[PDB]
Structures are given as structure tokens and as C-alpha cells.
Amino acid sequence: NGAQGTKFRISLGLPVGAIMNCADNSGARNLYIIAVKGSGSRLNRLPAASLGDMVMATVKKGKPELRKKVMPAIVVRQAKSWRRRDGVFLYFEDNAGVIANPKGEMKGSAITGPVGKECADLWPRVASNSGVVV
Amino acid sequence: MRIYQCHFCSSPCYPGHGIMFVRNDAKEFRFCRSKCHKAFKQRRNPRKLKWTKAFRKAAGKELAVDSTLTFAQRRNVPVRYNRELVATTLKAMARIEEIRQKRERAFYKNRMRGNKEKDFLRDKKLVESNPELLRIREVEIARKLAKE
Amino acid sequence: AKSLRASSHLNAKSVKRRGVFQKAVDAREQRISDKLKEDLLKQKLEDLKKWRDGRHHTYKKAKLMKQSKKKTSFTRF
Amino acid sequence: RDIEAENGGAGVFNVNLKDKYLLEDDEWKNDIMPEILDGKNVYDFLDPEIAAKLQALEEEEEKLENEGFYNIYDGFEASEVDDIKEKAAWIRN
Amino acid sequence: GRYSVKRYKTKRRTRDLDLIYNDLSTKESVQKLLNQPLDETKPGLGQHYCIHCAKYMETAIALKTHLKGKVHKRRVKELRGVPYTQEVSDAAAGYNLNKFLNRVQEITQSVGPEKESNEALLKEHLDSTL
Amino acid sequence: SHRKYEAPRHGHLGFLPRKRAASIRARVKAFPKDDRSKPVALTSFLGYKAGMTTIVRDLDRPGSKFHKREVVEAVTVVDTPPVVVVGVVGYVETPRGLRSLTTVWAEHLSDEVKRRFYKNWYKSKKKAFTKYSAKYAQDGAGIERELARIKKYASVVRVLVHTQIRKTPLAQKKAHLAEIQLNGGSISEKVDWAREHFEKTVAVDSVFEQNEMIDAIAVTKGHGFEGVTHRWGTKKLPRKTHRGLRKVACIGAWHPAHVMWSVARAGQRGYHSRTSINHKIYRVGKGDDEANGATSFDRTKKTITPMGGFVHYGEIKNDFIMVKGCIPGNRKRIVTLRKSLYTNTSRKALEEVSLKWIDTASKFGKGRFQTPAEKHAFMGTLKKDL
RNA sequence: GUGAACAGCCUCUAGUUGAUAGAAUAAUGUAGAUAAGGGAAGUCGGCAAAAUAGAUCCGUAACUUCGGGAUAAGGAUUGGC
RNA sequence: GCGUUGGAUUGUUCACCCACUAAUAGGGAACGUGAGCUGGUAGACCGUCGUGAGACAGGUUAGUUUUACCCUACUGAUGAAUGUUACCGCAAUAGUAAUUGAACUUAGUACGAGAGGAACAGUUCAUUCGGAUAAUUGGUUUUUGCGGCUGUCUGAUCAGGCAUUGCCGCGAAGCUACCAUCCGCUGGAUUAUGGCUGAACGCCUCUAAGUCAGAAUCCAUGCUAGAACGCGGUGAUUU
RNA sequence: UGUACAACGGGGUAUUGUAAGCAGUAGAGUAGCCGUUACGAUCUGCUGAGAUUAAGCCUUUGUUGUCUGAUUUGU
Ligand SMILES: [Zn+2]
Ligand SMILES: [Zn+2]
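Counting of residues restarts from 1 for each chain and follows the sequence as written, so the numbers need not equal those of the entry; residues with no coordinates are not shown. Written order determines the labels here, with chains lettered from A and ligands numbered from 1. All reported values concern the displayed chains, which form part of a larger assembly. Side-chain descriptors were evaluated using all non-hydrogen atoms of the structure, hydrogens and water having been removed beforehand.

As documented in the archive entry, the model was determined using cryo-EM at 3.1 Å resolution.

Now the structure itself:
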């Protein structure tokens, strides 16, 4: 909920314990922590996801006012080899991170760099805050 | 459906083939295969590699500029879909390909003329070089024709 | 969730089957029979371009008598 | 909404994205544009003014066909040349 | 194998000579990167940044020894000509020829000597301060 | 004790015993239920698997997020030359099961089916059906008596057909033989259909058409004696464990006195007989008409067979069926196509699939060209030409 | 010969060509090797493996029994003609 | 019937902490002496005691069992004899598998002072599991296929050898990955419960005789093997 | 003893990355000779050339050759 649309499947690149980039100027530089929403439950398996997936995270590098604080938000770049259902495999330069509330609304107001097509179609406020899609 | 060109090989990239890379400038680099992808990763110069088309067109192999090669312009301003216009274009493309192929064959002829003169001069130097094998050739031909 | 063998879902499917799906399933049968008959007629058109009394009796009586001497018969003792 | 209600519900009704389009002829409603030919793409070659450029191309090609565009060494006659060639081929082998 | 795999990862990906061309093209871009305010995270604390080889050195003398080297000359001799865009890649195949030729004559006329003069100013600036 | 952490099983206990199948040709174990209201119709067909390929489609699927959007998909290609009818079987009902009480064969038969009956063909005198052909004399009293027996009794009727392997590039020379059920009505009319159809062919267009969901029954690609880890999917022990790490360590603490049928041991992986249902036909293409691989959108004359032919298979000079996805069996095998056993209440079996393009590039590498003309045009003139 | 080198690699003189063989290439093993994205979520425990490595130049902290620490650390390079 | 997690913490855990989740239920088959694999005697030090040798209220550290080739069980694989040989089939018995969540619409409707806010019917996709597959993407390279590199040797060029597959790059085929893709159903009888008729008991009562519905349950359809001593139909039957 | 089978070859397809040999003045400079000749990593051209291409790829109007050895079985 909060997202507009179905649970669609794109390959997994970002297990738990993965530091990925934030490039907006909300203040953060990095995102780490545990959790992935809509993750299964299997013995010995890591929670790892994308598809504009929402995840729990902390600022490892950034301002202290928002360090030490767990927060939800959404994957926008992955750098794994994803497949578009229209032809080719896609992949980015890097992973990218960035911050929001549980309804999908952003703490920041603009995004740097490209954002995934399916991530923007699934999350409206990301599409409004993004100037660059793909 | 589209047919893209490989960033490295300038080859067609059909649907369901190759890999695309999306730079931070929001720029797409699609490759026909992992060979070209890995060359891009290793930061090779495709204008130095002889198996691309860029090297060829820059070196003066199969020609670069011609009237045939201007028709495949990308078009960002569309048109009303006249099926008569579509049917005309379908014949036009086939005709243009014949014309371009003929001009290409002509360019290759222009490049490869002057080779038979060189080959003949090679053979002349060789035969005038090495007569002591020609004696073995003469005697063996004579032996064979006397044998038969 | 509702399982595959749930009575309500199966009843809903049962109601759907008699309608829009069986019509599509029945049209194909008439189409394919119409094709099957023409594939016979074309073969004809190409052609026009130019006891059981033999051994079962003996074999079965011999089997029955082997069965009745070895006593290996299911019905007879 | 109601045409949907008539034909079939939200998830079954196949809307025609066409039937709204604006054309010179209406009989060609259910046509399709070819996207790909042998190697090429139609959208790249498709201009309104292509027949005139093709006429110019044909003019140029017919000029060249009249021109000299699509078209023995002294001391040796021809059999001398063939003899030298075969002797050299023998020598290399 | 391991060398290519562990050097040319997309994690350890460098900065795509097209962009270095577009950066050395104009005055403001080169002056911005020569100025480069104090960043606590960058290796040389900002300053001592080579633009051809998009690299932060620690110190002025490490910049000197970098410039007196074949790793620098590799890049400067790679960056003289045009930058090989998809325009080149498709003009080779017979696709948007006129765009490629306009870009070529544009670089030959306008952008080429612009960048050359910028490089020369960069070189004498660095040689004078160092 | 209670394991401390629940987890699902490793493997399916229904696909047991994981042994070699008793025949290369999987046996159809159920045909659809007969409706005697409807015309006479074959329940199945035979084919030979020939590689895979890739297609693009325009999807009119309401509710989906590729509605009115393009989709790339894999497809399987089965060489389906026409099937020849040679016999009839009648299967009477009993309180033990179904029993065959008579089988009737045709007058003339081919060297292919005779080869199927034989095991050393090059030495034999080939005396297979001589006395049966003699039994096909003036009035065929025996033939008509057994046919009337089938009309009277026998309840359900199957038809013995064979393939035309001669047409394929396969180097086998021996046809397969199969019983295929007739699912129309009026046993008399079934028998009359077969009687009229002896020595005659049935094409695949006369059994299937586009947008139909069919089942593939086949045998799956033996790999041989394999271990636990790859045959069931178990974890691996960390490294340098005692007596190896590619196995189950043990059962736990508790003490049984036997090893169970449920504990994931080693053995054969593959050559199992499988029945995979609900695959949608995308094209029923024909050898008589070239430009099979072409499309309404493409208009590029070419057949489906890629450049250099398929790999470990030749060219498609025959009628073929294209289905989506992955069927059991490998290339150069014998698959049976059955039709669905039940009316399917999914819109997937209603949508009229339309193709835009088919990939005829080389599968003997990284194929970049669909046609040798395209290769010629791109590469340009070479040294050898002129 | 390379190279700082009786290191390691190849070779000349001299010596040997001895160690039960043949055919296939299933699992499990023994001895090695490579792997996308993530990088210690593994595990009692980063066990093991990986990474670093030679030579020239710059530069090198606390502490110190003032002798050291120190190849501290951290950086620029290395071919051929 | 089907599932019931991922982690932090050894100045310790007979446990607790925060997250994800539909849920993060309890137990047994060992602990009713003692039984897979892994953590938790000989040397040495501090502490308490002892005349002492030494012991302990302690604490710390280091510290070699090594099957199966035998029978059975289990997993896969052959096979004699039931006139010979070959083909097509039946199905007793045994096993059986699918699961959960979200989204469109129903509808900002029913309901509600407001705040808020469902569901059936019709549709779409994903989680866990299973079974296949190799068109594409990725990985793998003794194709030792192509090219290159260091050192040395064959007088130089060419072409090659050695460096326990010498090293670097690409690398088809094959194998392979929820790292890729595809597929995974429908009839009868029932539990709880709700009922019809109706006595027992001149009222009444779902029950006593009868009887209608009804659960992811049961039995079957479907899927897997096919009794090597279960069976049928059919083709040929020896110069 | 046949549109038979195989070994070679031909064609296609695919992998690699432009062979050996010859020439040029293109070549940082150095020497000799009154601008010129010798050396010279490398570059350019003949050259998407050359090599490999089933060993579990496709195809074949070609050349050459091969095709009755052994055992056993009856209602
Ligand atoms: Zn390419
Ligand atoms: Zn630099």
C-alpha cells in the first residue's frame, strides 16, 4: 500500500547489509539497515529486493539530526542486470537509495540522476520529484 | 520494435539481444554482445579496433558519405499515416538497398584495383629469382610426358 | 486464501464455463472438423490424378487346455 | 463506462485505442504500419517527400550508368603471364 | 578473469572521456574544478585535481609527478580527437549521417581550438604554480 | 525433538520413483472425456521438438500493465509433419478396467512402420503384414467382422497412427506408433471415419489452431547418476566436512532403525516422463507457404528456421506448431500434443495472440542478422566475391 | 641466460626416461581454479581463501630506556625504441 | 490440508532485544542411566587451604580415534524361467501438491453526526514450494578456437617447445542460475453449524425413523511408477 | 547394392581480430656523404585478412572406398 499498482517481478540486487548512495540534498549520503517490505520467509534466505521496493535504512554518512534514525524508502537504481518485459536487459552505474515516508511521500523535494521507469510508475511522488527518468 | 546500433560494433541490436547500460548522464549504451560490452568496460577505443565499422569508415574502407545513407534519418516530427505513403516507402527501401550495395561494390573495386599488377610483378621477380627449381620442373614435366 | 479446491471458487468457475468459454471451445471444433474434411477431399483429388476362424480357435483352445491341465485358470478350477 | 458495462466489465473489455483517430480515409481503420523490413526500420525512412528524393537518386544513378562508373601487361602477351603465374605458384608450393 | 573482473567493476567505474571532453571544453567548467572548495572526503581535500585523468592527488608534488608521466600522456593523446559518441556509432551504420557530420565540423571549427586553448592555459597555470 | 525451525520439504513425493522411463516416447495416460454430441475429432498429435526461439507480441490484455504494450517471449517449435492412420482399436469396459478385444490394421503399410516392428531390418525378409494383406482379399469378411465387433461392443475407439520421419532431417528411418483417441460421437461413425481414413494423412491444422491451450507429454533429458544437492535441492555443508559436503549430513539426534523413502538420496536425474499442461499455440505454420517466420508487421520473407539451421537439428521443411515457453524434452525427441482435458476459465485461453516478429538469427553463437542477405549487406563485399 | 641473488624458470656437459598397464569420463572424494550483484547477513570464532607484495621518488604519528617505532601509515611511477 | 523467518548480544543465553511477516503455535521420535557433526588426563600461572608432598570455593591458558569392502534398510540399475520374437495397451497396489499476500473494479458505495470505511460476483500480478527448460542475459573454458605477454631454447625471420593447464583478453558448443524463462485442475461424500418434515411427551422440538445445504477436510478426476510369478489385443513364425 | 554407409573435400553458419612475404619515406632521432644514403620500437597498404569451424552445428549433383563375420531359438 502507498504504491500504485501490482507486485511485479524484477531481479534482486540488494540484500540486507548493503550500503547504497543517496544523492538528494536532504542531507544523507548512505543507506544500510535490515528490512524489506513484502519479503518472503524462508530458512537461511536473505531479505533482498528491488522493483522500486521499499526498505528500512539508516544514514551511515550524513547529518547527525537524521543519523541514528531508522527510516523507510525506495530503491531507484540497482546496478544489477534487470530485464524489461519490452526487450533488453537494463542496468545502472550504481545503487541509489532514496528517502521517504510509509505513504511513498518524500522527505526531500528533488532527485539527482536517473530514476527507474518502473520505480517511478509505481511511486507517484518519486515521479514528481524526479526530473530525469532513465 | 526497433533495431538499435551497437555502441561499439555499429551492428544491429534486435529485441531480446544484448545488454544496455545507463550512465548518470541519462545516456543509453546498448551492445550487440558481451564482447562489445566487456570492451566498453575495459575502456577500449573502437576507432582503433579493426572489426568495427567506425574504424573502417574513418580509415577509408567501405564508404561513409553518399546519397543512399541519408534516408535513414531519425524522425521526431510524425505524419498522418497515409498507406499509399507507406507502400511507396516499402518499395523505396528495397530500391535504395540495391543502389547502395552497387556503390559499395564499386568502392571496393576502386580500392582493390592495382593488385593484379603487384601479384604479377611478384611472380616475375620470383621466377627470375629462382631458375634452379625451374630446371627440376622442366625435367619432371618431360619425364612425366615420356612416362605417359 | 481460498484454495484451489474451494467450493465457492469452483462454483463460480462452473458458472463461467457454460457461458463465454464453452462457446469459444465449441466453435473451434466445428472449424477443425471443416478442415479435417477438406484434408480428406484434397487427398481424394490427388488420388484422382492417376470364432475368428483362422488361428484364434486353435490357439485359444490350446491355451484353455494348458490352463486346465496346469490348473492355472482364474475362473475354472 | 456504460459501453464497458454493456460489453464486459473492467478487466475484460478490450478498448480499441483506434476508432478515435483522424484520417483521410475511414475505410482503412483496421490497418497496421510495418515497423521492420529486411534489416531497416520503416519509421526512419518514412518521410512525406521521399519519392522526389528517390527520383533525384535515380537521376544520379542513370547519369553514372552512362558515365564510366560501373565498368595483359606490356611485354607479356597472355600465355606468358599465365606461365609466369603457374611457375611462381609451383615455386611457392 | 580476475584482473578484468576486479578492476572494471561498475563499482570501480571511471568517468567516460566524453564527459571529460565536455568539461575541458569551456572556461567556467575548468575554473570550477581548479577551485574546488575544501571537501573533507576528497583525497586531496578538494585541491590537486587532474581533469584529463579525472583524479584527486594528495599534494602539488604528487600532481607534478603525475603530469611528468605516461599515464597522463596516454589520456591527453586519447582526448585530442573527437569523443566517439553514439552519433559516430550509428553514422558508421548509415543512421543520422548529417547529425554526425554537423557535430564533426562543429568540433573542427568551434569546440576543438576552444578546448585546445583551455588545455594550454591549464598547462601553463599548473606549471607556473607548481 | 521439534527441530527448532520449521522449513518446507526438499522435493516432491508425487514424482516418484525417480527412475528411467520405460520408453523414449511418453505414454498418454488420459484423453479428454467424450461428448457424443459433437463431430469426430482426434484427441492428440505427434511431433518432433526442434530448438527454441524468441518472438515479440502486441498484448491486448485488459487489467494488465502491458495492456497495449509490446512483450518479448520465448517459444518452442515442434516439427509436425502429417500423421498417417494405419489402424483402429476398440476398448471394452470391464469390472477390472478397460480391455482391448480387437485391433484392425490397414491394407498397405510403409517401410517405416515395418521398421518399427523390426529390430534388424537390413537382414530380414520383411514378411510383417503379408498374411493380413492377404486377409484383405475379395470381400474382407474378417476385416468387416472385426469392425462390426468394434461397432457393437468396445465402448471407446482409439486409432493407431504413425509419423513421417522420412520428412524430418533426423537420421532414424524408423517411425513412431501411437494410439490416439477419437472423441466425437457414434462409435459407428468413429469406425467409419477410420475406415475411410486408412492409408491417408491428418495434418496438424486439422487437430489444432491458434490461441489453443495444449498439453505436452514427453520424457525429460537424462543427465545420469546425480547427487543429492542437484537432484533434490539440498544445502551444501560448509567446507572440508568429514566424508564430504555434497550430501545430507544426518537425520538429527533421535534414533530410528531404518532409512526412509523420504530422505533425499542419490541416483538418476532425468529421462523421467512428464506431462506439462496449458501451453498456448502462437502459430500453426505450413511448409507449402514460405514466409512462415515473417509477420504482418515485418513483411520480410523468411522461414522460421534460423541461419545455419537449428542446432542438433536441421531445417523446417514441414508444417510446424509454435507454443510459448518451455516444454519437457530436448531437441530431437518425440512429444505428444494433447488438448487440455477441461474447459479453461482463464482469459489467457481467449486472447487472440498476434505476433510482430520472430527471431531467425543463428543459435550457433551470438546471432546478429536475421537473413544472409542482411549479413551480406552489412558486411559488404568480401575478398572472395570480387 | 633472466635477476640483488647457490632463490624460482629454461638450457649446455654428464645421467635418466625408473614408479603395473589399457578403455571410458557417473556420483562422492583428493589436489587446484573462476564466478554476476551484495560484501561477514556466515560461523563459537572472518577458520580457510582473497587482497598486499619487487625496485625509484615523496612522505611518515603517538610513544620512547633517545638507541628505536619505521618498509609506520599514506601517495606518484615502472614496457619498447 | 498448507506454512510457521531474517538478524544483534559469550564482562554468557536454563534468555532477551528490534524488525520483516498472513503468522513468526507448542511438543515427540535422544535427554525414562550412557550413543552422529560443533562449542562449552600429562604442561604452566594467580587465588583459598595445607608444616609439606598436595588438595581445591575458584579463575586463566594450551592440549592425536582413524568403518561400510559384510548383512539389512534406502536410493537408482540389470536379469533366468513361464513355445520364440516384436508391437500397441489395461491398471490392482503404492505415492500425490500446491500455498499465501497484495492490486483494479464492486466504491469513497453499504455503514456512520463525524473521523473513517468492508465484502460477494468480474479481473491482474506477485510470495513460499514443486517440475521442466536453455530463445535471450549472466557465469563457466583443455574447443588449449583466435590473438597477445614475460623468461629461456631451437643461429635470425617463420613455425614452435618448457614454465605441474605458465599468464592476460575475447571465446562458441555443452552444462547451468527465481542471477534466466515457462507451467502448476475439478467431481462426489462429509465435520462444526444453519435448517425441512416430525414423534418421543394430546404443546414444542434439526432427530429418534427420514431429509437440504455446508470447511483449506475425506474419496475420487488429474500426475508418477507399473505386479520383474497381474492381464489383454495384434504382426511374423526357421530350405 | 541403394535418391545406402563412411572418410575426405566444397558451401553456410559461428569464434577471433587483420596472417606470412613484399613495398613505402609515415617514422622520435642518430651517424656517413654534398639536401641525400644506412640504422631504427612503430605506422600505412595488398588484408574483416589469416586461422579454426563437430569432436553431441546445418547442408551436400564432388573424389575415394565399404556392404553375408559368430552364436542361439519351435506352439
Ligand atoms: Zn557490437
Ligand atoms: Zn591526468
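Draft legend 1. Focus on the overall build of chain A. Assigned secondary structure in chain A consists of 2 helices and 6 strands. Secondary structure elements follow DSSP: runs of H or I no shorter than four residues count as helices, runs of E no shorter than two count as strands, and numbering proceeds from the N terminus. Starting at the N terminus and walking to the C terminus, you meet the elements of chain A as β-β-β-β-β-β-α-α. It is over C-alpha atoms that the radius of gyration is taken, and the globule rule equals 2.2 Å times the number of residues to the power 0.38. Computed over C-alpha atoms, the radius of gyration of chain A comes to 14 Å, within 12% of the 14 Å expected from 2.2 N^0.38 for 134 residues, which places it in the range of a compact globule. Referenced to the eigenvectors of the C-alpha coordinate spread, the extents of chain A come out at roughly 45 × 40 × 30 Å. A 1.4 Å probe rolled over the protein chains alone gives each residue an accessible area, and that area as a share of the maximum for its type sets the label: buried under 20%, exposed over 50%, partly exposed in between. The burial tally for chain A puts 45% of its 134 residues in the buried class. Nonlocal contacts in chain A, meaning residues at least 24 apart in sequence, comprise 51% of its contacts between residues at least 6 apart. Between the centroid of the 21 positive side chains of chain A and the centroid of its 9 negative side chains there is a distance of 8 Å. Here, two residues are considered to be in contact whenever any of their heavy atoms come within 4.5 Å of each other. Residues counted as positive are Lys and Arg, residues counted as negative are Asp and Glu, and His and the chain ends are not counted. The atoms used to mark charge sites are NZ of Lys, CZ of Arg, CG of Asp and CD of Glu.

Draft legend 2. Region of the structure containing the coordination of the zinc ion (ligand 1). Residue and element names in this part refer to chain B. Each metal's donors comprise the N, O and S atoms found within 2.8 Å of it (within 3.2 Å for Na, K or Ca). Water is not part of the atom list, so some coordination spheres may appear incomplete. Those donors, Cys6 (SG), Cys32 (SG) and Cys36 (SG), are the protein atoms that reach the zinc ion (ligand 1), and they lie 2.4 Å from it. Positions of the donor residues of the zinc ion (ligand 1), expressed as sequence spacing, correspond to C-x25-C-x3-C. Within this pair, whereas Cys6 is found in the loop between β1 (4-5) and β2 (12-13), its partner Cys32 is found in the loop between β4 (27-31) and α1 (34-41), the two being separated by 26 residues in sequence. In this pair, the class of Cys6 matches that of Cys32, namely buried.

Draft legend 3. Quick peek at the pairing of strand β2 (residues 69-79) of chain F. Residue and element names in this part refer to chain F. Counted residue by residue, β2 has 8 buried out of 11 residues, so it is predominantly covered. Pairing between two strands is assigned when DSSP locates at least 2 bridges connecting them. Relative to β2, strand β1 (residues 44-59) runs antiparallel, the two being bridged by 10 bridges. Residue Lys49 lies in a different strand from β2, and its bridge partner there is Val78. Of the pairings in the sheet, the one linking β2 to strand β12 (residues 320-324) comprises 5 bridges and is antiparallel in character. Across the sheet, the residue bridging to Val77 is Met322, located in β12.

Draft legend 4. How the structure looks around the coordination of the zinc ion (ligand 2). Residues and elements named next belong to chain E. For the zinc ion (ligand 2), every protein donor is listed as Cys50 (SG), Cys53 (SG) and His66 (NE2), and the spread of their distances is 2.3 to 2.5 Å. Donor residues binding the zinc ion (ligand 2) come from one chain and are separated in sequence as C-x2-C-x12-H. Here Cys50 matches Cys53 in class, with each residue buried.

Draft legend 5. Representation of the packing of aromatic side chains in the model. Centres within 6.5 Å are what make two rings of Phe, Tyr or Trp a pair, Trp counting through its six-membered ring; a difference in plane orientation under 30 degrees is then read as stacked, over 60 as edge-to-face, and the rest as tilted. The full count for this structure, using the stated rule, is 19 aromatic pairs over all chains. Centroid distance F:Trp105 to F:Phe129: 5.3 Å. Interplanar angle 65°. Geometry classified as edge-to-face. Here F:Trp105 is found in strand β4 (residues 98-105), whereas its partner F:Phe129 is found in the loop between α1 (111-117) and α2 (130-135), with 24 residues between them in sequence. In this structure F:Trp105 comes out as buried when scored by relative accessible area, which is 15%. Ring pairs connect the aromatic residues A:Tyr91, B:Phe21, B:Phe29, B:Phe31 and B:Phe40, which therefore count as one cluster. For B:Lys35, the ring lying beneath its charged end belongs to B:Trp51, and the centroid distance is 4.2 Å. In this scheme, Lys NZ or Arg CZ marks a charge over a ring once it lies within 6 Å of the ring centre and within 35 degrees of the ring normal. Stacked on the ring of F:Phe297, the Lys or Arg F:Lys356 has its end atom at 4.5 Å from the ring centre.

Draft legend 6. Up close: the protein's contact with RNA strand I. Throughout this document, a residue counts as near a molecule or strand when at least one of its heavy atoms sits within 4 Å of that molecule or strand. Inspection of the region around RNA strand I gives 29 residues, with B:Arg111, F:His312, F:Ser362, F:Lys375 and F:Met379 positioned closest. Counting only the atoms of RNA strand I that lie within 4 Å of the protein, the sugar and phosphate share comes to 74%. At a separation of 3.2 Å, a sugar or linking oxygen of RNA strand I approaches a polar backbone atom of F:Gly308. At the level of elements, α3 (83-112) of chain B together with α6 (372-379) of chain F are the ones that each hand at least two residues to the surface near RNA strand I. For this scheme, ten residues count as nonpolar: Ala, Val, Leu, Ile, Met, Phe, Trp, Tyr, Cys and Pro. Four count as charged, namely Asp, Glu, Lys and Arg, and the remainder, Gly too, count as polar. Looking at the surface near RNA strand I residue by residue, the classes come out as 10 nonpolar, 6 polar and 13 charged. Polar contact is defined as a pair of N or O atoms within 3.5 Å, subject to the rule that within protein one atom must be able to donate a hydrogen and the other to accept it, and that residues adjacent in sequence are counted only when both atoms are side-chain atoms.

Draft legend 7. Seen up close, the sheet that holds strand β5 (residues 82-83) of chain A. The mixed open sheet is built from 4 strands, whose spatial order is β5(A)-β6(A)-β3(B)-β4(B). Both edges of this open sheet fall to β5 of chain A together with β4 of chain B, since each of them pairs with a single strand only. In terms of strand pairing, strand β3 (residues 19-23) of chain B meets β4(B) through 5 bridges, oriented antiparallel. Residue pairing for β4(B): B:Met20 is matched across the bridge by B:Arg30. Here, axes are lines fitted to C-alpha atoms. For helices the fit covers the stretch in contact, and angles between N-to-C directions go from 0 to 180 degrees. The strands touched by α1(B) are β6 (89-92) of chain A together with β3 and β4 of chain B; relative to β4(B), the strand with the most contacts, the crossing angle is about 135°.

Draft legend 8. Molecular detail of the arrangement of the chains. Considering every one of the 9 pairs of chains in contact, the largest contact total is recorded for chains B and D. The two units chain A and chain D never meet; even their closest C-alpha atoms stay 14 Å apart. With respect to C-alpha atoms, chain C approaches chain D no nearer than 11 Å, and the pair has no contact.

Draft legend 9. Geometry of empty space enclosed by the protein. Definitions used throughout: a 1 Å grid over protein atoms alone; a cavity as a set of points that fits a 1.4 Å probe which cannot get out; a pocket as an open set with protein on both sides within 12 Å along at least five of seven lines; a lining residue as one with an atom within 4 Å of a point. Grid points are joined across faces, edges and corners, and a volume is the space filled by probe spheres set on the points. Taken as a whole, the largest cavity holds about 120 Å³ of empty space. Here the lining of the largest cavity gets 3 residues from one element, more than from any other, and that element is strand β3 (residues 54-57) of chain A. Taken as a whole, the second largest cavity encloses approximately 90 Å³ of empty space. What lines the second largest cavity is C:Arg28, C:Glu29, C:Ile32, C:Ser33, C:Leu36, F:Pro39, F:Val40, F:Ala41, F:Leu42, F:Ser206, F:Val207 and F:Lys339. A class-by-class count of the residues in the lining of the second largest cavity yields 7 nonpolar, 2 polar and 3 charged.

Draft legend 10. Summary view of the nonpolar core. Each nonpolar core is a collection of buried residues, namely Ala, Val, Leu, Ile, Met, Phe, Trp, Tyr and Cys, held together in the definition by side-chain atoms within 4.5 Å. Counting 67 residues, the largest nonpolar core has F:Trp105, F:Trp193 and F:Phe208 as its most contacted members. A domain split of this core shows at least three residues from each of domain 1 (16-81 + 203-220 + 270-384) and domain 2 (82-202) of chain F. Apart from residues no more than four positions distant in its own chain, F:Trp105 is found in contact with F:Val86, F:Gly87, F:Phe117, F:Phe129, F:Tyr132, F:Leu160, F:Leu177 and F:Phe198. If you look at the next biggest cluster of nonpolar residues, it comprises 51 residues, including A:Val88, A:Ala96, A:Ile99 and B:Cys9. Residue ranges for the domains trace back to a domain assignment, done automatically or taken from a database.

Draft legend 11. Layout of helix α4 (residues 79-92) of chain D. A rise of 1.5 Å per residue sets the reference length of α4(D), with its 14 residues, at 20 Å; its end C-alpha atoms lie 20 Å apart and thus fit the reference within 8%. Restricting attention to buried positions, one finds in α4(D) the residues D:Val81, D:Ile84, D:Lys87, D:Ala88 and D:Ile91. The arc that holds every buried residue of α4(D), seen down its axis, measures 130°, which confines them to one face. Opposite the packed face of α4(D), turned more than 90 degrees from it, sit the exposed residues D:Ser79 and D:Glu86. Where α4(D) is buried, its residues contact α4 (115-129) and α5 (132-147) of chain B. Every helix has an expected span of 1.5 Å times one less than the residues it contains. The arc under discussion is defined with respect to the helix axis, by the directions toward the C-beta atoms.

Draft legend 12. A look at the interface of chain B and chain D. Listed as interface residues are 41 residues of chain B and, on the opposing side, 45 residues of chain D. Of the roughly 4,500 Å² buried where chain B meets chain D, counting both sides, 68% is carbon and sulfur surface. For the salt bridge of D:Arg92 with B:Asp123, the shortest nitrogen-to-oxygen distance reads 2.3 Å. Our count for the contact surface shared by chain B and chain D stands at 12 residue pairs in polar contact. Going through the elements one at a time, α3, α4 and α5 of chain B are the ones with two or more residues in the side of chain B that touches chain D. Looking at which element gives the most residues to the side of chain B that touches chain D, the answer is α3(B), with 14 residues. Throughout, the accessible surface (probe 1.4 Å) given up by two parts as they are put together, summed over both, is called the buried area. Throughout this description, the term salt bridge denotes a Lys or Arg side-chain nitrogen within 4 Å of a carboxyl oxygen of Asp or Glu.

Draft legend 13. Structural detail: the interface of chain F and chain A. Contact residues are listed per partner, giving 11 residues for chain F and 12 residues for chain A. Summing the contributions of chain F and of chain A, the shared interface buries around 830 Å²; its carbon and sulfur component is 58%. When residues of chain F are sorted by the area they lose upon contact with chain A, F:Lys65, F:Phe66 and F:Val72 head the list and together hold 49% of the total. One can count 0 salt bridges joining chain F with chain A.

Draft legend 14. Spotlight on the protein's contact with RNA strand H. Within the structure, RNA strand H sits among 150 residues, and A:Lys7, C:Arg17, F:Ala128, F:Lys221 and F:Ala266 are positioned closest to it. The contact atoms of RNA strand H, taken as those within 4 Å of the protein, divide so that sugar and phosphate hold 82%. Within the side chain of A:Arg9, a nitrogen or oxygen atom sits 2.3 Å from a sugar or linking oxygen of RNA strand H. Of the residues contributing to the surface near RNA strand H, the split by class is 54 nonpolar, 50 polar and 46 charged.

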